[PDB]
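In what follows, a single structure is set out as structure tokens and then discussed.
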There are 2 protein chains.
Amino acid sequence: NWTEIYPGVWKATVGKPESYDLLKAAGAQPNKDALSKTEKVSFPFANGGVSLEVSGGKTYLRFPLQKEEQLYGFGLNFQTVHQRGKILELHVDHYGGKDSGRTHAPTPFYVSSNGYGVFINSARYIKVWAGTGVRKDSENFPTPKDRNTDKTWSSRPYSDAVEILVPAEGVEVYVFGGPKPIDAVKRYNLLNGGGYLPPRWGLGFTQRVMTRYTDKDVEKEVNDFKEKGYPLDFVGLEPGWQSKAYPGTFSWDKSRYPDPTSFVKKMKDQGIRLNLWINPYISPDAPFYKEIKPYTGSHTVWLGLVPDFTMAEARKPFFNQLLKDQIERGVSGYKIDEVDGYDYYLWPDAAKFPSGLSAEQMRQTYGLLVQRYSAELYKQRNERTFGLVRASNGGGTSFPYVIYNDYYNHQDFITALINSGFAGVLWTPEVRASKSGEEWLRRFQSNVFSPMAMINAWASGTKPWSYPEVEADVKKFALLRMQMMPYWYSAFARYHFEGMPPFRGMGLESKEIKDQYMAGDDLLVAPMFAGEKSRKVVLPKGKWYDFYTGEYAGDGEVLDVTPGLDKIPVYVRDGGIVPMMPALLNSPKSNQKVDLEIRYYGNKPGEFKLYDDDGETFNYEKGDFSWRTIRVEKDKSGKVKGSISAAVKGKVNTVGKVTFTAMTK
Amino acid sequence: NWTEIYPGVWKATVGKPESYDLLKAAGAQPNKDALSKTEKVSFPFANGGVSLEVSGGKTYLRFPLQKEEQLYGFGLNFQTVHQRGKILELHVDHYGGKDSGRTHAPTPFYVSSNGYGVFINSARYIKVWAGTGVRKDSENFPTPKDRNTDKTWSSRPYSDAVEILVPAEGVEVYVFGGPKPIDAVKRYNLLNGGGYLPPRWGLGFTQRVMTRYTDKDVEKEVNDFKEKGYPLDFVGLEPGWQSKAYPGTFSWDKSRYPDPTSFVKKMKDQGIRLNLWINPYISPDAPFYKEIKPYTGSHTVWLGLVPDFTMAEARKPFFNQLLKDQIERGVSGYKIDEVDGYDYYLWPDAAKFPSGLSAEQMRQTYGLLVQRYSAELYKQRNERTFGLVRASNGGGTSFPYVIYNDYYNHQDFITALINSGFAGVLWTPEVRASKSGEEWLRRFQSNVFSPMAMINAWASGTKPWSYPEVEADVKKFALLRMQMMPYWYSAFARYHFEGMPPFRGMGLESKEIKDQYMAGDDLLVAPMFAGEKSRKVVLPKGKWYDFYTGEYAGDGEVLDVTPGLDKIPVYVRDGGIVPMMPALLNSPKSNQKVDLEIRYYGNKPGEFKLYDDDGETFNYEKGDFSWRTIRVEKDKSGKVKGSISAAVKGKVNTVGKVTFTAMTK
């Protein structure tokens, strides 16, 4: 039976569900308050066609489709956005170059253009036929045709249902109502706890440095950023911070980092946090090796033991070491690597774990487990974190981690950014290296319109300025990222409080758009790729304005755009507002006031909700935050008129002088 | 426990095996007599390391590997022959362009270079890690290394075991002893019943004609073959013989084939058999539709019902129709198409079948079922058949079918031919079309050194003579195929009686050879591909002789060969013998004597066992067959000296005048 458990959210338990699943793995708590404020819409399957059966050891699910209907989601796909007519096996893995279901976050959640969603809460590998099955007993069974004589014969006849097979004796299913597709995604994300509310520093620039860097190499690089006037908030350390890697000791190397306490402190005194690479695979020389060994799996990954993080006995030594040796020294967060695949690196499905959890469910949830328990260490200290993880799944919306990978096709990197919005996870299209300055800049441009502005120079040793032909423009985009901080912070606040993904596909206010995305509420981003001089941009109905000049761009039409090397095509909705702080090189501290220039586009009266709090603790959970409403219009003369609501008594206020600019002359 | 059930064959039952599996699906009877004559070798795993466990709904199998060891098999792979270090999910499908385990015959049987084999008798999809898992408790656990400092660090450390996961509560496992790899394959094949003993006509030439051909178009084509002096034994009809296709009526079309009885008879009177295309998917206009409908699956394939051939109630109407409407008219056999995939054509794993058999086991065994029951119709009439099928599996060695597909990479076509020898199935690299005469001839050359000499002109309308630049050479190869009939027939007799695959890889008397195969006992075939003028040939130790001129070629060495367009590189072992009949255009009838020229190569004294029987019935089962031993040598002078053993009283004797030729001058 379908229980309406929240407004627009229904739960069904089919057969006998397993005692481990995605939500339980994640320890994900629904945001009940946010959910209760959503509209109480009706059940999206109102005309039958739903079937939930257990048979022969498996759970068979069927959901009807209508002729008009398109589907989105099924996780972090890289080459496809429309999912109807697709066949997948959802399976955590490093992306393999095709959308098979093998990917870093194979979220078993899909959304329909008719305005609903469905989440299958199983930590098993799941098979999906998204409208390919043609049932003899179907109400829409097409009329058989004779291929010998009939030109209209079809090799893929009409299918009227999504079919899912779960290899278990039952499953929990969740259905999310609309009325719009984005409504279903928001409710799904709120069921997961909402997005994490990141620290402001997490939205600044991060440079990861070569594996070999010593503490002195890092200090010099920090100094070079400062000297050249490039922003930087956190530095990523790669495997050479550890005394051994692959497998790891999770202790600082004595030669390269002889005094970690002093090193972390110095960086912090200069405004610089550190984010440490780990994979979770245990060296014999790790200090907690002997203690953890019985609570590890049968199989190793690069000769490291694999902790069973479902066991307290594995968690305690592992996470105590991170806590005592790094977090308590000031380390801001982690890059949780190599928790996805490939199959020939990670443990086989044939492996055994001491808790008795199947290796399959462990593969599906390992990234969730390491995200969960690492994040808790920070939350216990009233400190936000923000980091990187190479695997996640359903249940992982609330974690402070962004997905990245070693794939590099730029176009597909943007497609994954789109799909991240359907998958309850964050994705960054990171910058590593490039064969040209052109490509470097194009990549850097799209990267600063994403969750995390980052160069990963683990092997390349690149810095933002490494391509002289484009360095002046790279600097400009790096500074823009800082200036847009209040815009991004407010978008991320919406993700946390309302489940609104900050990056998402078009049409989420009939043909597939794989190369444009909305960034926050106000910006349509249409990346250029190396070797292109122009591109088409599909604009939704309503007027849009050029992000750079404020000039009218179009309304419900296709544009041909030749932006030049120095611009990424970005368009602002009519009445859209981007609050801009100064081009600071470091995120502003909680006790700091920052001036804002409110850039207002078009002529429709605009409204923007600016989020404000200390930007670094969990004090917001106790109500120490504010939303400042900004409204902007042009008066009779065409002169800008703006207001900002009053600061709230007793709350953090980081808003300084506020000025308004009508961008559309 | 391991029961030695035959010499060199051990069976273990782990947990609770399912009541349906590959051997039962196939109805495969062991050839006990042939098996009892094999050597009683010892159990190949003599030093432990074997583990067979049931846990969490699944069966976990582990078999040890030694450092030296290479592995072969895991079915009909197209790009790989060495299988150690591979990860697969064995799953019937049309080949998808990579060796993932998805293929037409994903036989769960592997062979080791140390001289044993292992068969997993499950009709489920099976996962295989062929030496990739690295167990912490392993006796060969490599010493962890620090990737930060150690240049010898390995991204894929040494693995000492084959691990297999079967999704069921138990499984039957078979282990085959050696001493040689080929011994394990022979015992496996004999356990399956041995290969089918084909009719001689099955080894002649077959032309499949365009979908649209009428009975008159076929008669004309038959006449053109005769007029141009090209051999032909059987003609393949494509979907236009049926009154409707996709889905099918399994009844002759009234417009294109108005008088089937008369048509089949006429062709037969001219020496020409017919082989009919089917897929097994049922049209509403099929005469047995209403009867069969309740015994079909939930899902359709191209809008045709899918019979549950595990049910007598489905088998009876389906096979009665083939029997009465076609076989009883004289139709020689079938092309069983589209029983493999892709997933978006065939029924989903989510489908249900009336017998309660899982859709998964049905997918794995459908080709086996249609092979089994079609073949029985012929055997009941004391008539051999020989045809084509697009899917098979373990258990299918004894069936009279050859695998083909719509893939076309020529190199990979040869690799599949090699792997067929490890997989208990037959494969033909068919000829369809070509962009050049060069390619046409190269393909035709390799095709006449295979199980079935065939052009499939369903779409291309090609005939052997369609490329004028090479037509004279094509004709020569077509006639060679006929001349080599006694050679091929004897090789196929060894497949039936001894389990010896007629086509197989090298080293089956340390690096991968993917482009040479043994064809019968005596011939090493090394195909040329279009665009190549020369190639390397790796010759085993022992002397080899050029197939065409008889000249010494080499011994245990690599040759660089520039054969020209008119030759496929073929080498004959020292003392090797190829019996050649005349260049007949049609296979000889059972009451017919045929002269033989015994072509003897090298100088080592040679011995050849020539199989002889009626070539068309199952009378051989009652002992009406002979092996004639042929021995050939050069005397003191260097002059050829040959003998053939005496015809056996009471047995068929089709051997006419026998002459001997020393090819090596």
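By order in the structure tokens, chains are A, B, ...; within a chain, residues start at 1; ligands start at 1, following the order shown.
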
Review point. Got a sec: who's within 10 Å of residue 654 of chain B, counting only C-alpha atoms, leaving out chain neighbours fewer than 5 positions off, as an MDAnalysis selection string?
Key: chainID B and resid 588:595 612:615 647

Exercise for review: Could you please select, counting only C-alpha atoms, the residues of chain A within 6 Å of chain B and state them as a PyMOL selection string?
Suggested key: chain A and resi 134-136+144+146-148+240+244-246+298-300+303

Review point. Can you tell me, as a PyMOL selection string, what residues are no more than 8 Å from segment 514-527 of chain A when counting only C-alpha atoms, ignoring any on the same chain fewer than 2 positions away?
Key: chain A and resi 79-81+411+414-415+417-418+442+445-446+449-450+487-488+491+502-506+512+529+537+568-573+576-578

Review point. Could you pull the residues within 10 Å of segment 627-640 of chain A, counting only C-alpha atoms, minus those fewer than 2 positions along the same chain, as a count of residues only?
Key: 38

Check your understanding: If we count only C-alpha atoms, what is near residue 423 of chain A at a cut-off of 9 Å, once residues fewer than 6 positions away on the same chain are taken out, given as a PyMOL selection string?
Key -> chain A and resi 73-76+105-110+185+393-394+397

Review point. What does the distance between atom CA of residue 425 of chain A and atom CA of residue 396 of chain A come to in Å, to one decimal place?
Key: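 Spanning atom CA of residue 425 of chain A to atom CA of residue 396 of chain A is a straight-line distance of 6.8 Å.
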
Check your understanding: Do you know which residues are at most 10 Å from residue 236 of chain A counting only C-alpha atoms, after dropping those on the same chain fewer than 4 positions away, and could you put them as an MDAnalysis selection string?
Key -> chainID A and resid 206:211 218 273:277 333:335 387 454:458

Practice item. Would you list the contacts of segment 317-322 of chain B as a VMD selection string, taking every protein, DNA or RNA residue within 8 Å and counting only C-alpha atoms, but skipping same-chain residues closer than 5 positions in sequence? Key: chain B and resid 250 288 291 to 292 327 373 to 374 377

Exercise for review: Could you tell me, as a ChimeraX atom specification, which residues of segment 151-384 of chain A DSSP assigns to strand (DSSP E) when given the backbone?
Suggested key: /A:161-166,170-176,205-208,234-237,273-278,333-336
